[PDB]
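For reference, the chains in residue letters:
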Amino acid sequence: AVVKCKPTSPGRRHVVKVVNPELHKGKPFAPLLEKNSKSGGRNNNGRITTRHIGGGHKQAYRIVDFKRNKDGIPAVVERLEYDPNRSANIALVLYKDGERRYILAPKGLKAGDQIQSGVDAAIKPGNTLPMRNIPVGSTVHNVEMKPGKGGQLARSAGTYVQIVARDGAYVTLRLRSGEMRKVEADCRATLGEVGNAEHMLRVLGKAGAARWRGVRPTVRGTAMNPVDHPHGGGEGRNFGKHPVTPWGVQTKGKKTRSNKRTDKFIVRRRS
Amino acid sequence: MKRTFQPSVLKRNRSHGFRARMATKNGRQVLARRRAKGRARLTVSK
RNA sequence: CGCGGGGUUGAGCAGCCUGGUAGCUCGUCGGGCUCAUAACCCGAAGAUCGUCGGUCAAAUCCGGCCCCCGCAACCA
RNA sequence: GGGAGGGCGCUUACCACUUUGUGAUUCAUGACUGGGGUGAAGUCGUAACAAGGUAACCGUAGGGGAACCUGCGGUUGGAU
RNA sequence: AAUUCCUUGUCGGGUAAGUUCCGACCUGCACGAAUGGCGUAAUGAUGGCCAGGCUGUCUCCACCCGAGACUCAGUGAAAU
RNA sequence: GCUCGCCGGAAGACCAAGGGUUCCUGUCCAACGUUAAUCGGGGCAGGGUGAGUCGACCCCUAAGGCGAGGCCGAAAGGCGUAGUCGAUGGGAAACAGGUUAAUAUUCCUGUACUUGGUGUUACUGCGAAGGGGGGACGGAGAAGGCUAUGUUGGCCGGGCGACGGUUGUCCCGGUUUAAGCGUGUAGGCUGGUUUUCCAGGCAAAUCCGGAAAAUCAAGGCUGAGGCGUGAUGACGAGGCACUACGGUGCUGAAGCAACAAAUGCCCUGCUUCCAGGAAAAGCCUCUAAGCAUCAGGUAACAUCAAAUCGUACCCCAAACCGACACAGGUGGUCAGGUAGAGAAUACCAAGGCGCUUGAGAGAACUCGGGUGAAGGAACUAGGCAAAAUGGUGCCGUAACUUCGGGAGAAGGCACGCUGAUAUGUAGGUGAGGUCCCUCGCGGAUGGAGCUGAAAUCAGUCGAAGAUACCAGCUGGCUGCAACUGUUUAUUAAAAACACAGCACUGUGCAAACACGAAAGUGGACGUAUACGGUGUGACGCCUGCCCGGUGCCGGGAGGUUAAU
RNA sequence: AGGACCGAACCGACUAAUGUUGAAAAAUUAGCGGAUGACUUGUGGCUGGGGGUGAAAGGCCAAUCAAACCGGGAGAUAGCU
RNA sequence: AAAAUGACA
Ligand SMILES: [Mg+2]
Ligand SMILES: [Mg+2]
Ligand SMILES: [Mg+2]
Ligand SMILES: [Mg+2]
Ligand SMILES: [Mg+2]
Ligand SMILES: [Mg+2]
Ligand SMILES: [Mg+2]
Ligand SMILES: [Mg+2]
Ligand SMILES: [Mg+2]
Ligand SMILES: [Mg+2]
Ligand SMILES: [Mg+2]
Ligand SMILES: [Mg+2]
Ligand SMILES: [Mg+2]
Ligand SMILES: [Mg+2]
Ligand SMILES: [Mg+2]
Ligand SMILES: [Mg+2]
Ligand SMILES: [Mg+2]
Ligand SMILES: [Mg+2]
Ligand SMILES: [Mg+2]
Ligand SMILES: [Mg+2]
Ligand SMILES: [Mg+2]
Ligand SMILES: [Mg+2]
Ligand SMILES: [Mg+2]
Ligand SMILES: [Mg+2]
Ligand SMILES: [Mg+2]
Ligand SMILES: [Mg+2]
Ligand SMILES: [Mg+2]
Ligand SMILES: [Mg+2]
Ligand SMILES: [Mg+2]
Ligand SMILES: [Mg+2]
Ligand SMILES: [Mg+2]
Ligand SMILES: [Mg+2]
Ligand SMILES: [Mg+2]
Ligand SMILES: [Mg+2]
Ligand SMILES: [Mg+2]
Ligand SMILES: [Mg+2]
Ligand SMILES: [Mg+2]
Ligand SMILES: [Mg+2]
Ligand SMILES: [Mg+2]
Ligand SMILES: [Mg+2]
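Definitions and cut-offs
- Residues numbered from 1 in each chain as written, not as in the entry; some residues may be left out.
- Chains lettered and ligands numbered in written order.
- Part of a larger assembly, values for the part shown.
- Heavy atoms only, no water.
- Helix = DSSP H or I, 4+ residues; strand = E, 2+ residues; numbered from the N terminus.
- Buried < 20%, exposed > 50% of the residue type's maximum accessible area, 1.4 Å probe, protein only.
- Contact = heavy atoms within 4.5 Å.
- Pairing = 2+ DSSP bridges.
- Axes fitted to C-alpha atoms, helices over the stretch in contact; angles between N-to-C directions.
- Expected span 1.5 Å × (residues − 1).
- Polar contact = N/O pair within 3.5 Å; in protein donor to acceptor, adjacent residues only side chain to side chain.
- Core = buried A, V, L, I, M, F, W, Y, C linked by side-chain atoms within 4.5 Å.
- Patch = residues over 30% accessible without salt bridge, like charges linked within 9 Å, V, L, I, M, F, W, Y side chains within 5 Å.
- Areas by Shrake-Rupley, 256 points an atom, 1.4 Å probe, with all protein chains shown as cover.
- Salt bridge = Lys/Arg side-chain N within 4 Å of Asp/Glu carboxyl O.
- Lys, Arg positive; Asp, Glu negative; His and termini not counted.
- Charge placed at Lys NZ, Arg CZ, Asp CG, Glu CD.
- 1 Å grid on protein atoms, 1.4 Å probe; cavity = no way out; pocket = protein on both sides within 12 Å on 5 of 7 lines; lining within 4 Å.
- Points joined across faces, edges and corners; volume = space filled by probe spheres on them.
- Nonpolar A, V, L, I, M, F, W, Y, C, P; charged D, E, K, R; others polar.
- Domains from an automatic or database assignment.
- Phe/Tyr/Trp six-rings, centres within 6.5 Å; stacked < 30°, edge-to-face > 60°.
- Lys NZ or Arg CZ within 6 Å of the ring centre and 35° of its normal.
- Buried area = accessible area lost by both parts, 1.4 Å probe.

Colleague: Tell me about the overall build of chain A, and please be specific about residues and values.
Modeller: Each helix and strand counted, chain A has one helix and 13 strands in total. In sequence order, the secondary structure elements of chain A are arranged as β-β-β-β-β-β-β-β-β-β-β-β-α-β. Once the C-alpha set of chain A is aligned to its principal axes, its extents read approximately 70 × 50 × 40 Å. Taking all 271 residues of chain A together, the buried fraction comes to 31%. The long-range share in chain A, meaning contacts at least 24 apart out of those at least 6 apart in sequence, stands at 54%.

Colleague: Before we move on, could you go through the sheet that holds strand β11 (residues 180-184) of chain A and cite the residues and values that matter?
Modeller: Residues and elements named next belong to chain A. The strand order across the open sheet formed by seven strands is β7-β12-β8-β9-β10-β11-β13, and the pairing between neighbours is antiparallel. Each edge of the sheet is formed by a strand with only one pairing partner; in this case those strands are β7 (128-130) and β13 (266-268). Neighbour-to-neighbour, the strand axes of this sheet turn through a mean angle of 45 degrees, independent of strand direction. Examined bridge by bridge, strand β8 (residues 139-141) and strand β12 (residues 188-191) share two bridges and lie antiparallel to one another. Residue pairing across strands places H141 opposite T190, the latter belonging to β12.

Colleague: Describe helix α3 (residues 25-37) of chain B, with residues and values.
Modeller: All names here are of chain B. Compared with the 18 Å implied by 1.5 Å per residue over 13 residues, the 19 Å span of α3 between its first and last C-alpha is a close match. Measuring from the backbone nitrogen of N26 back to the side-chain oxygen at the start of α3 gives 3.4 Å, which picks out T24 as the cap. Taken from the residues just after α3, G38 is the one with a positive phi, measuring 95 degrees.

Colleague: Tell me about the nonpolar core, and please be specific about residues and values.
Modeller: Residues and elements named next belong to chain A. Formed by 17 residues in total, the largest nonpolar core has its most connected members in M131, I134, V140, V143, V161, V171 and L173. At the level of elements, β9 (161-167), β10 (170-174) and β12 are the ones that each hand at least two residues to this core. With sequence-adjacent residues up to four places away left out, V161 is seen in contact with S138, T139, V140, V143, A154, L173, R174 and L175. Residues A75, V77, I103 and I115 belong to the second largest nonpolar core, which totals eleven residues.

Colleague: Could you give an account of a positive patch on the surface, naming the residues involved and the relevant values?
Modeller: Residues and elements named next belong to chain A. Together, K67, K146, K149, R261 and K264 make up a positively charged patch on the protein surface. Mapped onto the elements of the fold, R261 is located in the loop between α1 (207-211) and β13. A relative accessible area of 58% means that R261 is categorised as exposed.

Colleague: Which residues make up the layout of surface pockets, and what values do they have?
Modeller: All names here are of chain A. Roughly 1300 Å³ of volume is contained in the largest pocket. For the largest pocket, the lining is made up of 41 residues, of which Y82, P84, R202, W212 and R213 are closest to its centre. Considering every element that reaches the lining of the largest pocket, the biggest residue donor is strand β2 (residues 16-18), with three residues. In terms of residue class, the lining of the largest pocket is made up of 15 nonpolar, 15 polar and eleven charged. Mapping the lining of the largest pocket onto the domain boundaries places at least three of its residues in each of domain 1 (1-113) and domain 3 (195-271).

Colleague: Kindly report on the side chain of A:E179, identifying the contributing residues and their values.
Modeller: Residue and element names in this part refer to chain A. Here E179 lies in the loop between β10 and β11. Of the buried charged residues, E179 lacks a salt bridge, with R270 as the closest side chain of opposite charge at 5.3 Å. Contact partners of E179, with chain neighbours within four places excluded, come to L173, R174, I266, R268, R269 and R270.

Colleague: Lay out the packing of aromatic side chains with the relevant residues and their values.
Modeller: The way to describe two aromatic rings as a pair is by their centre distance and the angle between their planes. All names here are of chain A. Across all of its chains, the model carries one aromatic pair over all chains by this definition. Plain terms: the ring middles of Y170 and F265 are 6.2 Å apart, the flat faces sit at 40 degrees to each other, and that makes the pair tilted. Pair noted here: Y170 is in strand β10 and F265 is in the loop between α1 and β13, with a separation of 95 residues, a long-range link. Residue classification places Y170 among the partly exposed residues on the basis of a relative accessible area of 34%. Overall, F265 belongs to the partly exposed group, its relative accessible area being 23%. Over the ring of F66 we find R155, and its NZ or CZ is 4.3 Å from the ring centre. Directly above the aromatic system of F265 lies the positively charged group of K264, at a separation of 4.0 Å from the ring centroid.

Colleague: If you had to explain the domain arrangement of chain A to someone new, which residues and values would you point to?
Modeller: How big an interface is tends to be stated in terms of accessible area lost as the parts join. Residue and element names in this part refer to chain A. Per the domain assignment, the segments of chain A are domain 1 (1-113), domain 2 (117-194) and domain 3 (195-271). The centre of domain 1, based on its C-alpha atoms, is set 27 Å off from the matching centre of domain 3. Taken together, the contacts link 18 residues of domain 1 with 19 residues of domain 3. Between domain 1 and domain 3, a total of about 1500 Å² is buried, with carbon and sulfur atoms accounting for 51% of that surface. Its largest share of buried area at the contact with domain 3, domain 1 owes to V18, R51 and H52, together 30% of the area lost on that side. Residue classes in the side of domain 1 that touches domain 3 are distributed as eight nonpolar, eight polar and two charged.

Right, here's the structure in full:
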């Protein structure tokens, strides 16, 4: 539900929250939590490699099962939960034998639905089965790239992947970006479409709302001095240069992909 | 006014201490220079 | 008050480019279609190249004069 | 001898001139400016009346020196 | 005009007198549409102008209470 | 020694970091002390730091460092696995009184507490690098119950007033008691017990997990405070003698109740919100290999051990960082009375200080302040500086607007003291009785005493009743920036930077990009509703025309074109 | 509920005066802004010089920054004093 | 296919 806050303060005028009453408001399942340490963008050498990272709120990583390698064994959804590490809410899943795990929550999964994985599972949202068995033309998510990897496609909040064609031992996928990949037909893909579709319709509202998410301020090039950034310089907002990244590589148009090893699996590039 | 030298024994021994010199080759040539010069107290260690 | 572009039949614009060769559009004049005016058709005239001066010859080379249009006049 | 009661005076309450601070409504006035009306052979076109030479009009949007043009939906109060 | 050289442009308001301020005109040397255009309630140790209260800021200074300056005893520098 | 003045959320008392004898006696004044000094944080000599319970050491880990093998690298060397280190975090236990010139939760008195070895006895399946639980965690907010603590009354001891009264509703002081052990309350959590089964917790499992059946409406866990005991003990105002005239030596009455009450405890609780809030060990439990005599496990009894290091002194400053005995800087804990909303402010108690040159005079001139005739911004770049408003309650409040605001708009009125309402009200607290009780730290009824607003009526004093300290100046028009924030430590706090929002563009995961000769890492334990770069900067109405130039993208015919 | 309001601790530095061989190699006095947050602070870590870090001033990197400090090349060179 | 206009009296 999208809720626009009444303007009782100069800085709460443009706040649009997304609220979900179904989310469990207790505490996460303890035996599936780890320690998640922040970095601020620093690596081994201690220098920043990616900018605008640091600060925020402490978080605890939750071990989400992506492989879904439990054939048979029907399982029941216990409760939906809010996952700070991702953009899509998670669901606690209790299998019949008594083992509990975490899964991504598709949009059509309530608290009490039944799921089951394997090559014999039914065609319903929440079931996992290879795209050899998945009917052509379907909409799926959590798509794997290599058999047994775990899943790298359509994992964000509200995304989906369309199975276009099935060419022999390969399956062609239309992705959210617009690309059309070819993957091996033996990869698994959890059927449905990821939930929390209203994730766009949320404006943070204020600087502190971004700051308490580990997003430090960013400074434009034209304010910089000529030493610190190629744009730099100027007596009162002079630009006179082709836009570039701080390291000289041209932005605004220049393609920067060069792989030559996965080009065999690209049917039509994004457009 | 907060001055530059704010003492701390623990921070001093971890940085300019004897075992801080001996742990690196550059910090081991530092001692050899002091021994050749003939200094009374080698590194800092009171 | 230093440095520049320009002055061509009524108007605008080429021809000054290495010196002999003055053109395009609009316009004007006389005829023609129309009841009549525009529009259209057929024909003609229109400048000595701002002036004053200096090679067989000068709109074109050069200098002064007249006018217009530009730029620069800065560091304390 | 004085007493009761009254009067003059003092004080309190109600209240009229008067002084403030904010509005509300109405009448005049104002550099400039929007639209309207009248008026003389003014300038640019010709939108409408005939099938007015692209049928006209209605609501809406965009555009243009002006009548107006075009898109979308609607009417016949359109000639053959 | 945070942009206008001529410029204190011209007209109007406020003042006895307004190069500044507010409103209008357009003759934009050299505004103008995400190196954004035009508005905008609230906010501001932000820029400009005006009014009420208030007063030594001022006409124009006068008096008073303290710490130095001045005399006595002790210690006793610096620039050049 | 008697007066005077100052601080009193500090200029009082206790720590950590830091310092290293500055602590206490005796002695000295050459040098140090911004003067003299008989004095000192100065010289000299001597003395002083007493721990099973306080810390350190020790067990366990975070960020992170080092890193056997290992990967990579001209040499040095870089990264990293197993591990081992690393507190600012988690892990057992002691409190009162007395005592020194200097130490004391360390010495003495009294009373306790924790973990281990060995021995005796009584039972007994014990057993781990592994499994499970627990340790184990956010911000705001709201009351309820208490305590620290204070005020008053009672009791006890003392006093009868340097000057008008003061045998009384009079004045002064005291009225203290710990850790531990027992009971378990106000409250807060969960239903409990038994039987059977199994794709999970790599192995196993009586334990967690999961599925049923039957049974009972109860059990269990947590828990401030209070009440007993410790305590016929210690402490206690003062009375009694030497006075080494510094104190020592002797004895010792009362030692209760009511009310107010925290930012402290129950509270690691409860309600709610999004930005979703450490790890490991100690501890409990389960089995594997192994041993079924053992060994080991639980309980009671007795004894032994608890080693080593710090312990003085200053700690918001004369002892630390500033060259100084410097108007500067430095983290945590305690929080008395009156007026007050308050840790602001004013005066005080405990306690500590008068700041290491003084004595005179009372010129100009400078610094800090008080008051001013008439005028009231006439000063000046500019109302800079000064002056002024300033509190509670109530009436009332415009244009504009994103409907929240503007707004404390503006402008006003009442404010002390006494009495009555009411010999102190409304309210709060609640004792005697009184009834019942699953019989206890119990449930009603009950209204003695204590406490105590706010408002009206009448009167009264002053020139003035928010009287002192404290404590908004207010309106009108306008540019820029939407706003809260950040910036040139040390002449620029803004219109500059950031910001939520918008758009372009790259990026299919071994992602683009960045740090690295490389291994590797951040991106990210993320996966196009995601991530990086660029420009603009809330919101409203909008964002026109040009691809000639310089770039970017796509094209693949034709010309030119390298190494070989 | 609030990057909400008034206002102490705490943080900061807008105006004026004093001080400019200062009490102080940037402070005192009287006023001033924030004061539940993009806040503030204790302890310990990581980033190293053509590099770090930077809500961006060429700011900060031990009273020093348009390229720190120390040692070495080094008695660098000086048509200039 | 192009095909505009004409004071009043
Ligand atoms: Mg700049
Ligand atoms: Mg550059
Ligand atoms: Mg410019
Ligand atoms: Mg027509
Ligand atoms: Mg027509
Ligand atoms: Mg702008
Ligand atoms: Mg001298
Ligand atoms: Mg005092
Ligand atoms: Mg000494
Ligand atoms: Mg002396
Ligand atoms: Mg001494
Ligand atoms: Mg290493
Ligand atoms: Mg090695
Ligand atoms: Mg360790
Ligand atoms: Mg610790
Ligand atoms: Mg002592
Ligand atoms: Mg001590
Ligand atoms: Mg100094
Ligand atoms: Mg002194
Ligand atoms: Mg001091
Ligand atoms: Mg005070
Ligand atoms: Mg005087
Ligand atoms: Mg005065
Ligand atoms: Mg007087
Ligand atoms: Mg006066
Ligand atoms: Mg007067
Ligand atoms: Mg004047
Ligand atoms: Mg004046
Ligand atoms: Mg004043
Ligand atoms: Mg601003
Ligand atoms: Mg601000
Ligand atoms: Mg400043
Ligand atoms: Mg900008
Ligand atoms: Mg544009
Ligand atoms: Mg606030
Ligand atoms: Mg405030
Ligand atoms: Mg510096
Ligand atoms: Mg250099
Ligand atoms: Mg050399
Ligand atoms: Mg030399």
